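J.: model the structure of this input:
(chains A, B, C, D, E, F, G, H and I, ligands or ions: 9)
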Amino acid sequence: XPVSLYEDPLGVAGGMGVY
Amino acid sequence: XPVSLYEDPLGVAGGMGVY
Amino acid sequence: XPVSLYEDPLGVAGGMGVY
Amino acid sequence: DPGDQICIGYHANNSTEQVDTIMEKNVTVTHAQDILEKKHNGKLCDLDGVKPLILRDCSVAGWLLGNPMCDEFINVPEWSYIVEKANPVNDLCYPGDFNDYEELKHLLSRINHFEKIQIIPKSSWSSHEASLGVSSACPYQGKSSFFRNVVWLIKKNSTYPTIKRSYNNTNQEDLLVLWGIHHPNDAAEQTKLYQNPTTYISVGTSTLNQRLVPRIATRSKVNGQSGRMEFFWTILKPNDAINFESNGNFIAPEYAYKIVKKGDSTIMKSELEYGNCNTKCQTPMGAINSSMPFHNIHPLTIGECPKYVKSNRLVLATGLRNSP
Amino acid sequence: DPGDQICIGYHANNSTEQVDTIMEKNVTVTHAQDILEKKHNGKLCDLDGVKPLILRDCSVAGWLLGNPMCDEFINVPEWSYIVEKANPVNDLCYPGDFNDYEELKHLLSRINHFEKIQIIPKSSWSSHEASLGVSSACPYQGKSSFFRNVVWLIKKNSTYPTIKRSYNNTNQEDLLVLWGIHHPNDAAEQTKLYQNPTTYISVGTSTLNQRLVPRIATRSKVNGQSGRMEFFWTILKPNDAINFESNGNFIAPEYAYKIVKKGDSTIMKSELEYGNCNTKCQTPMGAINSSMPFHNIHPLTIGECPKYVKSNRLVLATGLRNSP
Amino acid sequence: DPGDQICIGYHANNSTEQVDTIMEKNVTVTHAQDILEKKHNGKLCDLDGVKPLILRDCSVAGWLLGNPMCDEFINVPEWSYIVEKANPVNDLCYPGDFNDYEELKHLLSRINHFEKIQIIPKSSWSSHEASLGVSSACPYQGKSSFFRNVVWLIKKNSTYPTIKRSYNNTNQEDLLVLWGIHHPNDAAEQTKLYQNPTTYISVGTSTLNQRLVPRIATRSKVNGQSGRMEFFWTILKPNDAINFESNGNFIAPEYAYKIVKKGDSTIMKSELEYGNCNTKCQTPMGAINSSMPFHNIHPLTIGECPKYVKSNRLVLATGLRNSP
Amino acid sequence: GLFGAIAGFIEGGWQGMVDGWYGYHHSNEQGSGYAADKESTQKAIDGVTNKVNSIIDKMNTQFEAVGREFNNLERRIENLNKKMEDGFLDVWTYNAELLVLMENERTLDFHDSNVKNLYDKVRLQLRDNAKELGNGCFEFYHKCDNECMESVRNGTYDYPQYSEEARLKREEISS
Amino acid sequence: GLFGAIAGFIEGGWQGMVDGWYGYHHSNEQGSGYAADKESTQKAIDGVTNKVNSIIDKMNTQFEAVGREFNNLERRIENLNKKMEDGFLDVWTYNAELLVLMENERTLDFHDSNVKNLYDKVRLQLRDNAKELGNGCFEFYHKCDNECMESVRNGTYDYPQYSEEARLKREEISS
Amino acid sequence: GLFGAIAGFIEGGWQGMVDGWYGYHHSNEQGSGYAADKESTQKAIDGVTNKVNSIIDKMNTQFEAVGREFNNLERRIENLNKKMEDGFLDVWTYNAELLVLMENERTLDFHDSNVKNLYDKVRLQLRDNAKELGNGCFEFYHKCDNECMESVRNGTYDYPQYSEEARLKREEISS
Ligand SMILES: *[C@@H]1O[C@H](CO)[C@@H](O)[C@H](O)[C@H]1NC(C)=O
Ligand SMILES: *[C@@H]1O[C@H](CO)[C@@H](O)[C@H](O)[C@H]1NC(C)=O
Ligand SMILES: *[C@@H]1O[C@H](CO)[C@@H](O)[C@H](O)[C@H]1NC(C)=O
Ligand SMILES: *[C@@H]1O[C@H](CO)[C@@H](O)[C@H](O)[C@H]1NC(C)=O
Ligand SMILES: *[C@@H]1O[C@H](CO)[C@@H](O)[C@H](O)[C@H]1NC(C)=O
Ligand SMILES: *[C@@H]1O[C@H](CO)[C@@H](O)[C@H](O)[C@H]1NC(C)=O
Ligand SMILES: *[C@@H]1O[C@H](CO)[C@@H](O)[C@H](O)[C@H]1NC(C)=O
Ligand SMILES: *[C@@H]1O[C@H](CO)[C@@H](O)[C@H](O)[C@H]1NC(C)=O
Ligand SMILES: *[C@@H]1O[C@H](CO)[C@@H](O)[C@H](O)[C@H]1NC(C)=O
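T.: Numbering: from 1, shown residues only, chains lettered A, B, ... in the order given. Ligands and ions are numbered 1, 2, ... in the order given. Structure data below:
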């Protein structure tokens, strides 16, 4: 959802570790 | 000769495995 | 100084092994 | 018996995205980034709120000279780019030539706004007939007409006195002045229109030193006419002055154009028409609404656009080689 | 005592082929692929069965105007490319200028076949002498001559009536029309050849509106002559018509060229001559017969050619670093 | 208890040099090589001992025509490059035009030395006044003057006989010949200066066939004058000859230029002036003294220069990733 | 794979490790489960992000076409203009496509080598206190609670702590 | 070598392995001989073939010169035309030569890493059932018929089959 | 690091090894000190020198701008000329910057792999006659005078010479 395990500004891991 | 061990269309292994 | 451990024409190791 | 274990491994997922490499094509990856914009809205829109200048069936020449069929563009507001069709139908209604036309359109691609001013009023021709120069090649509402911004001057009482008219550009801006010359079919028509047999048109500024002379020849009839009208132009600088001297065949200036806004613009060749939209990037095939660094729509764009490339596909691999 | 062994290893062979890398030159590999074609046959050959047009010692101008020394090219068949030497010796036998010559050769590089037609027969000049216009600068078989495709018209009985001749292109194809004007040395020769002192040549089509006037001047003698002949051309479209009016100095058209085949062609600058061969790729130094993706022969080629590069060597490594 | 040890490791040092990679910027390395030259001396210097030609406030036209304010360049020695300011103040003192000016400057960028020779002495005008053609637009020491290398010829005793003067280039080198024509304000001044009302200037060589005719027009006064002077030039080859015929408005040649040294040169646009230095590489902003393969000073250079790039930084990593 | 880890001695990927590019799967008798290594995955995301920005930034000085117009007797310079523009477009298309190909290859090898380095890191940590199963797994010669699991995941594993219980079982297996 | 296999810990190549780029040489007491690994060699031939086709395909949009002609008073645009054409030719020559250099380097390293991966594959297969001689060879701690030779060549070697005969000889060598 | 040696299992560099890019630090009871490996460092200097010369040589056919002048009614071809020159300048700036980026990355990885290959070379030399500490160091299972130190530095280390004293201490440590 509204938080991620990673700093991913461009979304190179699209969805991995976001909840 | 008229047969090869490998699929080599461009001959990148020139002669290797042809008999 | 006036001798080096290495053949270094361009100085890619700048000063390493020169005495 | 089997001790505890720990294994090192890597991510896999449902991804079907494919990337290419030098040694292998169509490699499925867990994560990719498409960087190529392939879509447009198929419409000609405003550029950052400013509406373009759509010339429809009129060319640049018909616009600036005032081809009667171009009355929609008598006084156009500030534009963001110009749109002209590949082969407009309303060009030179009276057939002829436009001298240095392409250089003038190049000048145009850096102007955003003209301001038309009357520099020689059609009224002020007391010794010549300033309202007879009409033709059926330039019709307007079923009656013969002519370019609105230039005056085809005719003899008055079998007389054509030597015009000597000067205009001094008193404005602050550069001024695009246009004028022209008539080439008739024979000496008969020459005397019938201008009385004097051998005529001329001298034009002079601080840098211009021109003397035109009518060329008579029998030619093919285009839009009914074998005569030709050849048009010339110049940029009169502030405080400079233009001088006209003529004894016939003079297509006198009436309205000129004050260059009041300059900036980045373009003459875009497009068959589309206004689509009542807004964009930050326009192409002759449609507007682009994208964050991607590349596109493959058209090489000729205007605005804040992606960089154009000819490829049909451009995908970066970000993740791993994805396991089946 | 020593157990069984298995060793992992790699191929070596007799290969001496060398490749280069960023960090190391002249690295021997077991297998390479040369990708650079460095050989040609040194001959000018047909392109896919179609023979080129070798102009030998004649230039493009001498060919189309009909320089008497160019009779080999009076009616050339369809060609694949044109070959012209760097400095042909048979150009303008009568000295002068060829207006818009380079643009005409550019037009040529897209035409594969002309069809010469007689549009104004040299017979039909009843009021002028159509067979006196000869010169020693243009000799043919030891007697003075002139360009075969244009007529140098002379006064007849101290008269030069005003020619008014029109030709309407009734064919389906574009028509390359050529004509010319004479510049004599003095008013003496002017009256001697044309009687009228101040002459002109008006030319008119749907887009052409030309009026030439002879320029008299004392000049250096080139090939014996101080007079000059200046030639002009145009492309007359189907159903359009060309009109000539003149009272002297007219180098009238006789034959014009019907553009009956268009396609990709080129004017190749080469000193070679026909070599009675066939190729799929031609360069001004020789034909190429190759399957390789690159060559370093010449940048200017025609046909199905490799891509040109300036390198002296281009070899891909396919195999391993080869052990001595 | 702990046995002997040997460890494998790598160099570290005090280095702060940083390089960039695709995946990481500002990476400190033990050893780098800067390959970008960013410094210049801010001076215009000799090129390999040869001093340039600094035109200061005079343009190329004012130099070759001999604008009185350009006397510093009456007979310049061999140069290495030419320097001209963006907008020189000493150009055409008498206002007008320089025909084919840019092509002439292109010719210039391959010439290293002129040799001025007198081909038509101002003395030899016995039937015309060769010392009255002066103007206040071209002043020299408080008294009216004119271009030093051309003669403004005036009528003598209300007569202007038809000049017919020829010069045969007997030298071994090409010869740059310049001449000109006058456009007055009205027929009054026309007769006042040249008596004959309709005048002309014929120029002829082996390839030149020119006939100029004065264009009269009322124009704006530039530097006091509404008349114009239009200048023409040509390259007369060895053993060829130039012929002039005129009955007025002739700006006759006096001095011409023998092209005695050719080679690689350039017209550099620079506001700097001579800096009494020497260099092997010059830019319009300063000389470069460098062994590096690249520089970012200016794209337009002359000499043995580094290759220009637009980057602000270009550093190669040679050593390791340096440990803190 | 250039480094033989991804689709090499580790034959497949883990659909069950959903919050990381690389990581571990442990199986002691407290239980078994997946845990992502976030230091390595974040380092890799840093590298890939900088690579994407590098490509895009290097491409912003690329050629921009301009409309130009010519008349019937300027066919030479119109052809020159067209070939100039098409040549620059072909050049920059080559640049983009080739850079994408090369950097795609290098990105895949980058992930491969990241996996290989993770594996080597924990192998060098554990040494002879574990048998190397040859598929990316280690069979512990002692017993590893869920916390020496995190000790091998965070790089703070004490070899001399279980040295001689591992040597216990090593001597046992050797007979 | 970037991967230390070719001309590294394996010092030379085999003239006797004539039908493969990589492979094995076995020496049990049934005999000794060469056998090429055809899966790896064919994978490498696939990669190299696709690389060659990639280079050639990327080069088919390269600039093509065109003859153009100009007269004595068009020297500026003739010079412009010449420099345009020569600039595009220099650009594409740079592209070709540099791509060839870079891909040659990467091809050599590709072969190096293929050898290294083969070696690692059979090393991970055999584990402590063999001593690692350090030159690309393994000395078997048991006896390997010509068919467990093919079992290590085809990736189906059973470690627990000879586990304790290898442990037999390992305990023997340790005393 | 692509090869995990530099700033990997070897965590830092040696300020004390001042006359070599790679090398050794020995510590027997004769003493301890640094010694550079000059064969590998000179091979690397060869590679880096050839790389620098390669870049510079490939850049000497790069575009050179030329001053050209046009009059008030030649704005189309003046604009064409300006965009031609600026396009070639942008192209060659892209080439230079991108080649520098790519070759910088490959140079760093080259040094990484050189370190890794040195480490692997002496590890394969010593085999079970030494314990692999996991940080770039080897703890000798026998005693190594300052001359078997040079024997492992010059690649002439005799494993069967100290085979069974190393096996002595290996059997000792195992109990
Ligand atoms: C890759 O896939 C596309 C369809 O998605 C196909 O057209 C193309 O031929 C494939 N490439 C190869 C090399 O098989
Ligand atoms: C030429 O002749 C055709 C008849 O086929 C006619 O239609 C056309 O109008 C003519 N053109 C001129 C210019 O007379
Ligand atoms: C397109 O532009 C509109 C207007 O600004 C915006 O609402 C929309 O989000 C844009 N498209 C996308 C895909 O974001
Ligand atoms: C590579 O070999 C050629 C001759 O085959 C030689 O001319 C060239 O100098 C060599 N290159 C180097 C770097 O030695
Ligand atoms: C110029 O003079 C030379 C004599 O040296 C002569 O050969 C040449 O023909 C002359 N040229 C003309 C045009 O009179
Ligand atoms: C050259 O062309 C001829 C004719 O098609 C052909 O027989 C020959 O094989 C070609 N050359 C080569 C090397 O194949
Ligand atoms: C690298 O350092 C410079 C200053 O030396 C700084 O301006 C730049 O932003 C830095 N780059 C990054 C990516 O932090
Ligand atoms: C035009 O008028 C201005 C007055 O504002 C004057 O200064 C200028 O000289 C005039 N120009 C000419 C050419 O008469
Ligand atoms: C600059 O040139 C001078 C004169 O040749 C020379 O003495 C000096 O060393 C040069 N600069 C450098 C940094 O070498």
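
J.: give me the nearest residue to residue G:129, chain neighbours excluded.
T.: Excluding the flanking residues, the one nearest residue G:129 by CB to CB, 6 or more residues apart in numbering or on different chains is residue G:166, at 3.9 Å. Quick note: C-beta positions are derived from backbone N, CA and C, even for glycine.

J.: secondary structure class of the one you found, three-state.
T.: Following DSSP: H, G, I helix; E, B strand; the rest coil, residue G:166 is assigned to helix.

J.: what's the answer for the one 3 residues further on, then?
T.: When the structure is reduced to helix, strand and coil (three-state DSSP), residue G:169 reads as helix.

J.: how near is the closest residue to it other than its chain neighbours to residue E:134?
T.: Leaving aside its sequence neighbours, residue G:169 sits nearest to residue G:141 (CB to CB, 6+ apart; 4.6 Å). According to CB to CB, to the nearest Å, residue G:141 and residue E:134 sit 114 Å apart.

J.: more neighbours: those two, which one.
T.: More crowded of residue G:141 and residue E:134, by other CB atoms under 10 Å in any protein chain shown: residue G:141, with 23 against 17.

J.: go ahead and confirm that one touches residue G:164.
T.: No - with contact defined as CB atoms under 8 Å, residue G:141 does not reach residue G:164; the gap is 10.5 Å.

J.: list the contacts for residue G:52?
T.: Contacts for residue G:52 (CB atoms under 8 Å, 6 or more residues apart in numbering or on different chains) come out as A:10, A:12, D:33, D:316, D:318.

J.: could I get the phi/psi values of the residue lying farthest from the centre of chain G?
T.: Distance from the C-alpha centroid of chain G, by CA atoms, centre = their mean, peaks at residue G:73 (59.3 Å). Taking degrees, to the nearest 10, you get phi -100, psi 20 for the backbone angles of residue G:73.

J.: just checking, it touches residue E:102?
T.: No - checked against CB under 8 Å, the pair residue G:73 and residue E:102 is beyond contact range at 10.2 Å.

J.: quick test: name the residue nearest the centre of chain G.
T.: The residue lying closest to the centre of chain G (CA atoms, centre = their mean) is residue G:111, at 1.4 Å.

J.: using the three-state scheme, assign it.
T.: Going by three-state DSSP: residue G:111 is helix.

J.: what about residue G:10, how many residues close to it?
T.: Residue G:10, neighbours per other CB under 10 Å, totals 23.

J.: which residues touch it?
T.: Each residue near residue G:10 by CB under 8 Å, 6+ apart is listed here: D:8-10, G:115, G:119, G:135-136.

J.: ranges for the strands of the stretch 201-324 of chain D?
T.: Here the stretch 201-324 of chain D has its strands, by DSSP state E, counting those that start in this stretch, at D:201-204, D:209-212, D:228-236, D:241-246, D:250-253, D:255-262, D:267-269, D:274-279, D:281-283, D:286-287, D:294-295, D:302-303, D:307-308, D:315-317.

J.: other SSEs contacting the fourth one?
T.: So that's strand D:241-246. Applying 3 or more CB pairs under 8 Å, 6 or more residues apart in numbering or on different chains; DSSP states H and E, we find strand D:241-246 packed against strand D:163-168, strand D:201-204, strand D:250-253.

J.: pull out the buried residues from stretch G:129-145.
T.: For stretch G:129-145, a neighbour-count test (16 or more other CB atoms under 10 Å in any protein chain shown) marks G:129-132, G:136-138, G:140-142, G:144 as buried.

J.: and it, end to end?
T.: In stretch G:129-145, first residue to last residue: 15 Å (CA to CA, to the nearest Å).

J.: tell me if I'm right that residue D:226 and residue D:189 touch.
T.: No - between residue D:226 and residue D:189 there is no contact under CB under 8 Å: 9.5 Å.
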